Amino acid sequence: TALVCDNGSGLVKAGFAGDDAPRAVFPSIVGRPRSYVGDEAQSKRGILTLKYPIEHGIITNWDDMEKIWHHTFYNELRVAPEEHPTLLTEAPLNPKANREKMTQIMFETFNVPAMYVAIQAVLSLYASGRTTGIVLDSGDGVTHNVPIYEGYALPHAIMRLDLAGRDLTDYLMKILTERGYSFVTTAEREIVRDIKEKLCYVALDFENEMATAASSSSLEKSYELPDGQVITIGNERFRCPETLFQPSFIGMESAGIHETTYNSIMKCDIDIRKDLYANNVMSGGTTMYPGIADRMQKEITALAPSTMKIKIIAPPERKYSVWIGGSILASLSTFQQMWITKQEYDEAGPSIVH
Ligand SMILES: CN(C)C1=CCC2=C(c3ccc(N4C(=O)C=CC4=O)cc3C(=O)O)c3ccc(N(C)C)cc3OC2=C1
Ligand SMILES: Nc1ncnc2c1ncn2[C@@H]1O[C@H](COP(=O)(O)OP(=O)(O)NP(=O)(O)O)[C@@H](O)[C@H]1O
Ligand SMILES: [Ca+2]
Ligand SMILES: [Ca+2]
Ligand SMILES: [Ca+2]
Ligand SMILES: [Ca+2]
């Protein structure tokens with residue numbers, strides 16, 4: 001049985017090809033004395049320096065990444081890597097040298113029998129059942145617009161916004177102080193992330209939503225805290241994710257996700273634009289907000305030609321679309337020759353991965 005490992009800036013998603021969802025999901029964090037991995041590392045902040053080996057989707061520290069992979073195989077999945085072909089995912093615009101190092105580590109450190117590396121955005125597109133379209137992938141640390149034509153991600157048109165879930169959680173923590181609530185500790189941040197994932201949503205029209213929240217309490221929702229106290233949240237529910245469309249909310253000069261989507265499409269050949277407009281696919285935990293698809297549909301329509309057919313696809317399981325795409329691909333045993341085997345690695349070296 002093949003294994004699928006999707007390493008993100010904030011979370012590692014791992015499992016067996018064929019499963020409908022990852023069996024293991026843990027924080028992409030490594031702790032080193034002043035080593036531990038995941039929840040275990042976070043728990044020991046202070047006595048351990050924390051390291052996030054994956055920044056903006058790109059691996060930046062190989063020794064820490066090695067620890068993460070070891071943890072995935074031996075502690076989380078509890079499998080013998082030498083017995084399973086392994087599919088790994090990589091961020092858009094990942095340097096070739098990185099792909100080579102990843103391959104060298106899998107064969108020489110973990111001794112896998114075979115492996116394959118796929119681009120995350122492409123896997124998310126496959127998860128929606130298509131090979132052409134533009135993916136909006138927003139996770140914990142980075143957001144990308146990735147146009148894909150017949151399985152090929154067009155590098156020159158990929159857009160990147162260094163704003164994601166982590167920043168949204170921090171922002172919600174900040175604005176919740178306005179109502180007098182104070183969330184500051186690590187434990188408190190965990191509560192805020194839960195509030196964000198349960199009560200936040202994207203307004204179809206921000207200004208009108210603010211007006212509705214100010215003229216009524218129809219948008220207010222209550223939330224019980226660990227101590228038994230109950231708080232009320234109003235416009236904070238939609239102000240938090242609005243940051244995706246208005247990065248200036250958290251002090252970023254970058255254009256919003258709707259604008260980057262449009263700019264991405266305009267960087268592509270005019271003859272395939274129609275296909276991208278009709279196939280806008282959302283992927284990643286930060287695209288889970290109710291209302292985001294309707295908002296993107298409205299914003300893109302405003303930017304696109306009047307006779308352009310616009311369609312946004314937001315799969316219910318998009319929180320794990322990347323992993324799911326990998327599960328699908330890795331489970332196609334008929335194409336087993338696509339796997340890069342150890343033997344092929346011996347004769348051709350790391351460069352065979354490209
Ligand atoms: C199991 N495993 C590991 C695997 C890998 C891969 C694959 C692929 C392919 C094939 C080819 C290519 N390519 C490109 O792209 C370039 C060159 C080549 O070859 C790509 C691809 C993906 O990824 O999808 C594919 C395609 C198509 C299909 N169909 C059914 C129709 C399937 C598959 O499967 C697979 C599997
Ligand atoms: N229902 C939800 N509503 C809002 N945010 C959510 C929800 N579920 C998960 N998230 C956020 O999504 C992020 C996790 O998404 P994920 O796609 O796994 O990112 P990643 O792969 O770790 N990192 P990245 O490198 O940025 O793609 C966290 O910031 C979560 O809080
Ligand atoms: Ca990701
Ligand atoms: Ca600034
Ligand atoms: Ca042309
Ligand atoms: Ca092969």
# chains A, B, ... in the order shown; residues from 1 in each chain; ligands from 1
call {"tool": "residues_near_ligand", "arguments": {"ligand": "ligand 2", "cutoff": "6 Å", "atoms": "only C-alpha atoms and all ligand atoms", "output": "list in words"}}
result
residues 8, 9, 10, 11, 56, 57, 138, 139, 140, 141, 142, 165, 166, 193, 196, 197, 284, 285, 286, 288, 289 and 319 of chain A
call {"tool": "residues_around", "arguments": {"residues": "residue 116 (chain A)", "least_positions_apart": "3", "cutoff": "9 Å", "atoms": "only C-alpha atoms", "output": "NGL selection string"}}
result
:A and (85-89 or 103 or 330 or 338-341 or 353)
call {"tool": "residues_near_ligand", "arguments": {"ligand": "ligand 5", "cutoff": "9 Å", "atoms": "only C-alpha atoms and all ligand atoms", "output": "PDB file with N, CA, C and O atoms, in the first residue's frame"}}
result
ATOM      1  N   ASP A 269      -2.221  32.724 -21.441  1.00  0.00           N
ATOM      2  CA  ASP A 269      -2.596  32.862 -22.830  1.00  0.00           C
ATOM      3  C   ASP A 269      -4.090  33.141 -22.912  1.00  0.00           C
ATOM      4  O   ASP A 269      -4.902  32.424 -22.320  1.00  0.00           O
ATOM      5  N   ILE A 270      -4.452  34.188 -23.644  1.00  0.00           N
ATOM      6  CA  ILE A 270      -5.852  34.563 -23.781  1.00  0.00           C
ATOM      7  C   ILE A 270      -6.745  33.397 -24.213  1.00  0.00           C
ATOM      8  O   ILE A 270      -7.924  33.349 -23.863  1.00  0.00           O
ATOM      9  N   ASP A 271      -6.179  32.446 -24.949  1.00  0.00           N
ATOM     10  CA  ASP A 271      -6.960  31.309 -25.429  1.00  0.00           C
ATOM     11  C   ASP A 271      -7.303  30.228 -24.410  1.00  0.00           C
ATOM     12  O   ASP A 271      -8.054  29.305 -24.720  1.00  0.00           O
ATOM     13  N   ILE A 272      -6.757  30.325 -23.202  1.00  0.00           N
ATOM     14  CA  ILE A 272      -7.085  29.347 -22.171  1.00  0.00           C
ATOM     15  C   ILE A 272      -7.778  30.028 -20.996  1.00  0.00           C
ATOM     16  O   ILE A 272      -8.256  29.362 -20.080  1.00  0.00           O
TER      17      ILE A 272
END
call {"tool": "residues_near_ligand", "arguments": {"ligand": "ligand 4", "cutoff": "12 Å", "atoms": "only C-alpha atoms and all ligand atoms", "output": "NGL selection string"}}
result
:A and (247-254)
call {"tool": "residues_around", "arguments": {"residues": "region 199-214 of chain A", "least_positions_apart": "2", "cutoff": "9 Å", "atoms": "only C-alpha atoms", "output": "VMD selection string"}}
result
chain A and resid 194 to 197 216 to 221 223 233 to 242 288 to 296 298
call {"tool": "select_by_dssp", "arguments": {"residues": "region 110-327 of chain A", "states": "strand (DSSP E or B)", "output": "ChimeraX atom specification"}}
result
/A:114-119,133-138,143-149,152-153,159-161,221-224,230-233,280-283,312-313
call {"tool": "closest_residue", "arguments": {"among": "A:304, A:21, A:278, A:332", "to": "residue 1 (chain A)", "atoms": "only C-alpha atoms"}}
result
A:332
call {"tool": "residues_near_ligand", "arguments": {"ligand": "ligand 1", "cutoff": "9 Å", "atoms": "only C-alpha atoms and all ligand atoms", "output": "PyMOL selection string"}}
result
chain A and resi 2+85-87+114-119+122-123+126+131+150-152+326+328-340
call {"tool": "write_last_selection", "arguments": {"atoms": "N, CA and C atoms", "output": "mmCIF file, in the first residue's frame"}}
result
data_model
loop_
_atom_site.group_PDB
_atom_site.id
_atom_site.type_symbol
_atom_site.label_atom_id
_atom_site.label_comp_id
_atom_site.auth_asym_id
_atom_site.auth_seq_id
_atom_site.Cartn_x
_atom_site.Cartn_y
_atom_site.Cartn_z
ATOM 1 N N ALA A 2 0.579 2.164 -0.919
ATOM 2 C CA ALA A 2 1.335 3.401 -1.018
ATOM 3 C C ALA A 2 0.982 4.370 0.108
ATOM 4 N N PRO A 85 5.696 2.466 -1.203
ATOM 5 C CA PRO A 85 6.115 3.484 -2.174
ATOM 6 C C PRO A 85 5.559 4.762 -1.529
ATOM 7 N N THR A 86 6.284 5.870 -1.613
ATOM 8 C CA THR A 86 5.816 7.087 -0.965
ATOM 9 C C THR A 86 5.651 8.289 -1.879
ATOM 10 N N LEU A 87 4.458 8.878 -1.871
ATOM 11 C CA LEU A 87 4.214 10.064 -2.679
ATOM 12 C C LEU A 87 4.302 11.286 -1.768
ATOM 13 N N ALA A 114 10.170 3.095 -3.527
ATOM 14 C CA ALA A 114 9.835 3.961 -4.647
ATOM 15 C C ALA A 114 9.186 5.229 -4.110
ATOM 16 N N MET A 115 9.209 6.288 -4.910
ATOM 17 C CA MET A 115 8.614 7.552 -4.506
ATOM 18 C C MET A 115 8.232 8.422 -5.701
ATOM 19 N N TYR A 116 7.411 9.433 -5.442
ATOM 20 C CA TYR A 116 6.936 10.327 -6.482
ATOM 21 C C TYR A 116 6.670 11.675 -5.834
ATOM 22 N N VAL A 117 6.933 12.752 -6.566
ATOM 23 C CA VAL A 117 6.684 14.082 -6.034
ATOM 24 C C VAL A 117 5.704 14.805 -6.940
ATOM 25 N N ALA A 118 4.629 15.320 -6.351
ATOM 26 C CA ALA A 118 3.618 16.040 -7.120
ATOM 27 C C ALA A 118 3.422 17.443 -6.560
ATOM 28 N N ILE A 119 3.034 18.374 -7.426
ATOM 29 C CA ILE A 119 2.805 19.745 -7.002
ATOM 30 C C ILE A 119 1.461 19.795 -6.291
ATOM 31 N N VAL A 122 -1.732 21.029 -8.161
ATOM 32 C CA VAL A 122 -2.191 20.075 -9.163
ATOM 33 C C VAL A 122 -2.989 18.968 -8.478
ATOM 34 N N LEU A 123 -2.494 18.490 -7.342
ATOM 35 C CA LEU A 123 -3.218 17.445 -6.625
ATOM 36 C C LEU A 123 -4.615 17.939 -6.220
ATOM 37 N N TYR A 126 -6.879 17.736 -9.193
ATOM 38 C CA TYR A 126 -7.270 16.351 -9.449
ATOM 39 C C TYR A 126 -8.372 15.955 -8.473
ATOM 40 N N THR A 131 -8.254 18.512 -14.905
ATOM 41 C CA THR A 131 -6.829 18.675 -15.174
ATOM 42 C C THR A 131 -6.489 20.086 -15.654
ATOM 43 N N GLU A 150 -3.915 21.347 -18.484
ATOM 44 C CA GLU A 150 -3.659 19.946 -18.776
ATOM 45 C C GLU A 150 -2.573 19.353 -17.879
ATOM 46 N N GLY A 151 -2.733 19.528 -16.571
ATOM 47 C CA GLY A 151 -1.781 18.984 -15.616
ATOM 48 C C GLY A 151 -0.499 19.765 -15.389
ATOM 49 N N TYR A 152 -0.283 20.821 -16.162
ATOM 50 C CA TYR A 152 0.931 21.611 -16.011
ATOM 51 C C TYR A 152 0.673 22.965 -15.365
ATOM 52 N N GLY A 326 -3.406 13.419 -3.789
ATOM 53 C CA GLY A 326 -2.289 12.493 -3.723
ATOM 54 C C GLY A 326 -2.738 11.053 -3.521
ATOM 55 N N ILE A 328 -5.560 9.707 -4.475
ATOM 56 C CA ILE A 328 -6.118 9.262 -5.746
ATOM 57 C C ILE A 328 -5.016 8.820 -6.701
ATOM 58 N N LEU A 329 -4.044 9.699 -6.912
ATOM 59 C CA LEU A 329 -2.942 9.420 -7.817
ATOM 60 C C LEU A 329 -2.109 8.212 -7.381
ATOM 61 N N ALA A 330 -1.754 8.164 -6.103
ATOM 62 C CA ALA A 330 -0.933 7.076 -5.580
ATOM 63 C C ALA A 330 -1.621 5.724 -5.613
ATOM 64 N N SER A 331 -2.946 5.734 -5.706
ATOM 65 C CA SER A 331 -3.714 4.495 -5.721
ATOM 66 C C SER A 331 -3.902 3.902 -7.117
ATOM 67 N N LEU A 332 -3.427 4.599 -8.146
ATOM 68 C CA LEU A 332 -3.563 4.107 -9.516
ATOM 69 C C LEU A 332 -2.416 3.159 -9.847
ATOM 70 N N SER A 333 -2.514 1.943 -9.321
ATOM 71 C CA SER A 333 -1.496 0.921 -9.513
ATOM 72 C C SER A 333 -1.202 0.561 -10.966
ATOM 73 N N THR A 334 -2.156 0.807 -11.859
ATOM 74 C CA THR A 334 -1.944 0.502 -13.269
ATOM 75 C C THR A 334 -0.794 1.350 -13.807
ATOM 76 N N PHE A 335 -0.624 2.539 -13.236
ATOM 77 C CA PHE A 335 0.455 3.441 -13.636
ATOM 78 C C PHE A 335 1.668 3.293 -12.713
ATOM 79 N N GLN A 336 1.831 2.117 -12.114
ATOM 80 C CA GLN A 336 2.947 1.898 -11.201
ATOM 81 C C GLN A 336 4.311 2.242 -11.793
ATOM 82 N N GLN A 337 4.439 2.205 -13.117
ATOM 83 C CA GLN A 337 5.721 2.537 -13.732
ATOM 84 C C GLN A 337 6.053 4.025 -13.586
ATOM 85 N N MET A 338 5.088 4.832 -13.160
ATOM 86 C CA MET A 338 5.349 6.258 -12.977
ATOM 87 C C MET A 338 6.150 6.482 -11.686
ATOM 88 N N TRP A 339 6.079 5.525 -10.763
ATOM 89 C CA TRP A 339 6.842 5.627 -9.514
ATOM 90 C C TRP A 339 8.324 5.643 -9.848
ATOM 91 N N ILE A 340 9.120 6.420 -9.123
ATOM 92 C CA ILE A 340 10.558 6.400 -9.345
ATOM 93 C C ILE A 340 11.032 5.326 -8.364
#
call {"tool": "atom_distance", "arguments": {"atom1": "CA of residue 343 (chain A)", "atom2": "CA of residue 102 (chain A)"}}
result
16.9 Å
call {"tool": "select_by_dssp", "arguments": {"residues": "region 51-249 of chain A", "states": "helix (DSSP H, G or I)", "output": "JSON, numbers by chain"}}
result
{"A": [62, 63, 64, 65, 66, 67, 68, 69, 70, 71, 72, 73, 74, 75, 76, 77, 81, 82, 83, 96, 97, 98, 99, 100, 101, 102, 103, 104, 105, 106, 107, 108, 120, 121, 122, 123, 124, 125, 126, 127, 155, 156, 157, 165, 166, 167, 168, 169, 170, 171, 172, 173, 174, 175, 186, 187, 188, 189, 190, 191, 192, 193, 194, 195, 196, 197, 198, 199, 206, 207, 208, 209, 210, 211, 212, 213, 214, 215, 236, 237, 238, 239, 240, 241, 242, 247, 248, 249]}
call {"tool": "atom_distance", "arguments": {"atom1": "CA of residue 23 (chain A)", "atom2": "CA of residue 125 (chain A)"}}
result
21.3 Å
call {"tool": "atom_distance", "arguments": {"atom1": "CA of residue 243 (chain A)", "atom2": "CA of residue 28 (chain A)"}}
result
24.1 Å
call {"tool": "residues_around", "arguments": {"residues": "region 58-68 of chain A", "least_positions_apart": "5", "cutoff": "8 Å", "atoms": "only C-alpha atoms", "output": "JSON list (two decimals) with N, CA, C and O atoms, in the first residue's frame"}}
result
[["chain", "number", "residue", "atom", "x", "y", "z"],
["A", 9, "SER", "N", 3.11, 24.29, 5.78],
["A", 9, "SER", "CA", 3.79, 25.25, 6.65],
["A", 9, "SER", "C", 3.34, 25.09, 8.10],
["A", 9, "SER", "O", 4.11, 25.32, 9.04],
["A", 28, "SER", "N", 3.56, 21.04, 12.01],
["A", 28, "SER", "CA", 4.85, 20.95, 11.34],
["A", 28, "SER", "C", 5.86, 21.75, 12.16],
["A", 28, "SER", "O", 6.40, 22.76, 11.69],
["A", 29, "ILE", "N", 6.12, 21.30, 13.38],
["A", 29, "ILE", "CA", 7.06, 21.98, 14.27],
["A", 29, "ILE", "C", 8.07, 21.03, 14.87],
["A", 29, "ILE", "O", 7.73, 19.90, 15.23],
["A", 30, "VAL", "N", 9.32, 21.48, 14.98],
["A", 30, "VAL", "CA", 10.39, 20.68, 15.56],
["A", 30, "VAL", "C", 10.99, 21.46, 16.73],
["A", 30, "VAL", "O", 11.27, 22.65, 16.61],
["A", 37, "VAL", "N", 8.84, 16.55, 18.21],
["A", 37, "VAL", "CA", 8.06, 16.94, 17.03],
["A", 37, "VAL", "C", 6.56, 17.06, 17.28],
["A", 37, "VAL", "O", 5.97, 16.28, 18.03],
["A", 51, "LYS", "N", 11.10, 25.36, 15.84],
["A", 51, "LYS", "CA", 11.48, 25.62, 14.46],
["A", 51, "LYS", "C", 10.38, 25.13, 13.52],
["A", 51, "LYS", "O", 9.84, 24.04, 13.69],
["A", 53, "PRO", "N", 10.26, 24.16, 9.99],
["A", 53, "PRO", "CA", 11.08, 23.81, 8.83],
["A", 53, "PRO", "C", 10.49, 24.13, 7.46],
["A", 53, "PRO", "O", 11.22, 24.18, 6.47],
["A", 90, "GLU", "N", 4.83, 19.02, -3.05],
["A", 90, "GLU", "CA", 5.74, 20.16, -2.97],
["A", 90, "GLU", "C", 4.99, 21.44, -3.33],
["A", 90, "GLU", "O", 3.99, 21.40, -4.06],
["A", 91, "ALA", "N", 5.47, 22.56, -2.82],
["A", 91, "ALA", "CA", 4.84, 23.84, -3.07],
["A", 91, "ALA", "C", 5.08, 24.29, -4.50],
["A", 91, "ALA", "O", 5.97, 23.78, -5.18],
["A", 94, "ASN", "N", 8.71, 25.31, -6.37],
["A", 94, "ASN", "CA", 9.71, 24.68, -5.52],
["A", 94, "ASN", "C", 10.98, 24.46, -6.35],
["A", 94, "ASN", "O", 10.92, 23.90, -7.45],
["A", 98, "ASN", "N", 15.68, 21.42, -4.35],
["A", 98, "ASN", "CA", 14.91, 20.98, -3.19],
["A", 98, "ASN", "C", 14.29, 19.61, -3.46],
["A", 98, "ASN", "O", 14.32, 18.72, -2.61],
["A", 105, "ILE", "N", 16.93, 12.04, 0.41],
["A", 105, "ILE", "CA", 16.59, 11.69, 1.78],
["A", 105, "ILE", "C", 15.66, 10.48, 1.85],
["A", 105, "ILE", "O", 15.88, 9.57, 2.64]]
